[PDB]
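Here the structure comes first, spelled out in structure tokens, and everything after it is commentary.
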Amino acid sequence: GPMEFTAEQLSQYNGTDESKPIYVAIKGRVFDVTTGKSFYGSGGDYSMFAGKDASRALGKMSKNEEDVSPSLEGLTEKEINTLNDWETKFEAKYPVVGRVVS
């Protein structure tokens with residue numbers, strides 16, 4: 001499989017380090033958004049998503065810190081519709097360096 005990044009490791013790219021890139025989790029998939037760390041990077045548009053899975057937050061589109069779940073273990077249709085689509089938006093934009101595992 002891919003590199004597969006754990007929530008722990010993935011949480012090491014929320015934008016703040018010097019080299020450490022920026023990886024976002026979506027439905028358990030680690031995506032690359034470093035292309036715009038200005039948004040995800042330390043304190044940015046996706047400050048809550050940085051080093052966190054904003055699947056639910058993406059779905060309902062709340063960007064809530066609690067809506068950031070590394071698992072769709074609840075993601076309803078409302079969020080799924082958007083979340084699921086959010087995947088294509090991020091997947092068809094951000095490079096997948098791996099998929100969230102642990």
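In the structure tokens, chains take the letters A, B, ... in the order shown, each chain's residues start at 1, and ligands count up from 1 in the order shown.
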
Original post:
Quick one: residues within 10 Å of residue A:90, only C-alpha atoms counted, chain neighbours fewer than 5 positions away excluded, as a list in words?
Top reply: residues 24, 25, 26, 31, 32, 33, 83, 85, 95 and 96 of chain A

Original post:
If you run DSSP on the backbone, which residues of stretch 6-81 of chain A are alpha helix (DSSP H), as a list in words?
Top reply: residues 7, 8, 9, 10, 37, 38, 39, 40, 55, 56, 77, 78, 79, 80 and 81 of chain A

**OP:** Go through A:98, A:36, A:21, A:28 and flag the residue nearest residue A:69, using only C-alpha atoms for the distances.
**Re:** A:28

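For the atom pair formed by atom CA of residue A:73 and atom CA of residue A:55, the distance is 10.2 Å, given to one decimal.
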
Exercise: residue A:57 partners within 12 Å, only C-alpha atoms, chain neighbours under 6 positions left out, as a compact mmCIF listing (two decimals) with N, CA, C and O atoms, in the first residue's frame:
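selection-v7.txt was written with the following content:
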# COMPACT_ATOMS: atom_id res chain seq x y z
N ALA A 25 -6.34 14.87 6.52
CA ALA A 25 -7.00 13.58 6.49
C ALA A 25 -8.45 13.76 6.03
O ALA A 25 -9.14 14.66 6.51
N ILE A 26 -8.87 12.89 5.12
CA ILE A 26 -10.22 12.94 4.60
C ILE A 26 -10.74 11.52 4.41
O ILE A 26 -10.28 10.80 3.52
N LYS A 27 -11.70 11.15 5.25
CA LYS A 27 -12.29 9.83 5.18
C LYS A 27 -11.23 8.78 5.52
O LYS A 27 -11.41 7.59 5.26
N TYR A 46 -7.39 26.54 7.08
CA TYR A 46 -7.60 25.20 7.60
C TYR A 46 -6.69 24.93 8.80
O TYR A 46 -5.88 24.00 8.77
N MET A 48 -7.84 24.18 11.76
CA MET A 48 -8.44 23.07 12.48
C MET A 48 -8.29 21.76 11.71
O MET A 48 -8.34 20.68 12.29
N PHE A 49 -8.11 21.90 10.40
CA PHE A 49 -7.95 20.74 9.54
C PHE A 49 -6.49 20.27 9.52
O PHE A 49 -6.22 19.08 9.40
N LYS A 63 -16.26 23.47 9.87
CA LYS A 63 -14.86 23.70 10.16
C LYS A 63 -14.64 23.63 11.67
O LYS A 63 -13.63 24.13 12.18
N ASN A 64 -15.59 23.01 12.35
CA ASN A 64 -15.51 22.86 13.79
C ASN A 64 -14.31 21.99 14.15
O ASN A 64 -13.96 21.07 13.41
N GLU A 65 -13.71 22.30 15.29
CA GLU A 65 -12.55 21.55 15.76
C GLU A 65 -12.97 20.14 16.17
O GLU A 65 -12.14 19.23 16.20
N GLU A 66 -14.25 20.00 16.49
CA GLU A 66 -14.78 18.71 16.90
C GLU A 66 -15.30 17.94 15.69
O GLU A 66 -15.40 16.71 15.72
N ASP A 67 -15.63 18.69 14.64
CA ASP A 67 -16.14 18.09 13.42
C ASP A 67 -14.99 17.43 12.66
O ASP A 67 -15.21 16.72 11.68
N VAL A 68 -13.78 17.69 13.14
CA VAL A 68 -12.59 17.14 12.52
C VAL A 68 -12.36 15.72 13.05
O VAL A 68 -11.65 15.53 14.04
N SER A 69 -12.96 14.76 12.37
CA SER A 69 -12.83 13.37 12.76
C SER A 69 -12.07 12.59 11.68
O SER A 69 -12.38 12.69 10.50
N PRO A 70 -11.05 11.81 12.14
CA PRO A 70 -10.24 11.02 11.23
C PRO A 70 -11.01 9.79 10.75
O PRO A 70 -10.43 8.90 10.13
N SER A 71 -12.30 9.78 11.04
CA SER A 71 -13.15 8.68 10.64
C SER A 71 -14.59 9.17 10.43
O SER A 71 -15.06 10.04 11.16
N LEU A 72 -15.23 8.59 9.43
CA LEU A 72 -16.60 8.96 9.12
C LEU A 72 -17.56 8.08 9.92
O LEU A 72 -18.63 7.70 9.43
N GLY A 74 -19.91 8.30 11.61
CA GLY A 74 -21.08 9.09 11.97
C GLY A 74 -21.48 10.02 10.83
O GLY A 74 -22.65 10.40 10.71
N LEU A 75 -20.50 10.37 10.02
CA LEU A 75 -20.73 11.26 8.89
C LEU A 75 -22.05 10.87 8.21
O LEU A 75 -22.15 9.81 7.59
N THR A 76 -23.03 11.75 8.36
CA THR A 76 -24.34 11.51 7.77
C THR A 76 -24.31 11.79 6.27
O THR A 76 -23.24 12.01 5.70
N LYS A 78 -25.78 14.38 4.80
CA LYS A 78 -25.55 15.81 4.63
C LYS A 78 -24.05 16.06 4.49
O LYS A 78 -23.61 16.72 3.55
N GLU A 79 -23.30 15.53 5.44
CA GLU A 79 -21.85 15.69 5.43
C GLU A 79 -21.22 14.79 4.36
O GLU A 79 -20.30 15.20 3.66
N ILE A 80 -21.75 13.57 4.28
CA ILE A 80 -21.25 12.61 3.31
C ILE A 80 -21.32 13.22 1.91
O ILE A 80 -20.35 13.18 1.16
N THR A 82 -21.35 16.24 1.00
CA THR A 82 -20.31 17.25 0.87
C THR A 82 -18.93 16.64 1.14
O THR A 82 -17.99 16.86 0.39
N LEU A 83 -18.86 15.88 2.23
CA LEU A 83 -17.62 15.23 2.61
C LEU A 83 -17.14 14.33 1.46
O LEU A 83 -16.02 14.49 0.98
N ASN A 84 -18.02 13.42 1.07
CA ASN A 84 -17.70 12.50 -0.01
C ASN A 84 -17.21 13.29 -1.22
O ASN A 84 -16.24 12.91 -1.87
N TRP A 86 -16.13 16.32 -1.00
CA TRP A 86 -14.96 17.05 -0.54
C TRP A 86 -13.72 16.24 -0.89
O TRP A 86 -12.66 16.80 -1.18

Original post:
Nearest to residue A:9: which of A:37, A:50, A:88, A:43 is it, counting only C-alpha atoms?
Top reply: A:50

**OP:** Mind the document's chain letters and residue numbers, and return as an NGL selection string the residues of stretch 12-75 of chain A that DSSP labels strand (DSSP E or B).
**Re:** :A and (14 or 22-26 or 29-32 or 53)

**OP:** Quick one: everything within 9 Å of residue A:5, counting only C-alpha atoms, minus sequence neighbours fewer than 3 positions away in the same chain. Send it as a list in words.
**Re:** residues 2, 8, 9, 10, 29, 30, 97, 98, 99, 100, 101 and 102 of chain A

With N, CA and C atoms retained, write the just-selected residues as a tab-separated table (two decimals), in the first residue's frame.
chain	number	residue	atom	x	y	z
A	2	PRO	N	0.20	2.41	0.28
A	2	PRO	CA	0.90	3.69	0.32
A	2	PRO	C	1.74	3.82	1.59
A	8	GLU	N	-1.41	10.31	14.56
A	8	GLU	CA	-0.36	10.88	15.38
A	8	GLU	C	0.69	11.57	14.51
A	9	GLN	N	1.10	10.86	13.47
A	9	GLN	CA	2.09	11.40	12.55
A	9	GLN	C	1.47	12.48	11.66
A	10	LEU	N	0.25	12.21	11.22
A	10	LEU	CA	-0.46	13.14	10.37
A	10	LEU	C	-0.67	14.46	11.13
A	29	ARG	N	-7.97	9.43	4.60
A	29	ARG	CA	-6.97	9.58	3.55
A	29	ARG	C	-6.15	10.86	3.77
A	30	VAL	N	-4.84	10.68	3.80
A	30	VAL	CA	-3.94	11.80	4.00
A	30	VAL	C	-3.72	12.52	2.67
A	97	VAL	N	-0.30	11.46	-0.25
A	97	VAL	CA	0.99	10.92	0.13
A	97	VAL	C	0.79	9.64	0.95
A	98	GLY	N	-0.46	9.41	1.33
A	98	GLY	CA	-0.80	8.23	2.11
A	98	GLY	C	-2.25	8.30	2.60
A	99	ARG	N	-2.66	7.24	3.28
A	99	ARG	CA	-4.01	7.17	3.81
A	99	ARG	C	-3.97	6.94	5.32
A	100	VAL	N	-4.73	7.77	6.03
A	100	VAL	CA	-4.79	7.67	7.48
A	100	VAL	C	-5.08	6.23	7.88
A	101	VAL	N	-4.32	5.75	8.85
A	101	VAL	CA	-4.49	4.39	9.34
A	101	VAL	C	-4.80	4.42	10.83
A	102	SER	N	-3.74	4.50	11.62
A	102	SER	CA	-3.88	4.54	13.07
A	102	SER	C	-4.34	5.93	13.52

Subject >> Atom pair atom CA of residue A:20 / atom CA of residue A:91: separation (Å) >> reply: 20.5 Å

Original post:
atom CA of residue A:93 and atom CA of residue A:77 are how many Å apart?
Top reply: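 Interatomic distance, atom CA of residue A:93 to atom CA of residue A:77: 22.8 Å.
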
Subject >> Close residues, residue A:15 itself excluded, 6 Å, only C-alpha atoms, min 2 positions apart in chain, as a list in words >> reply: residues 13, 22, 41 and 42 of chain A
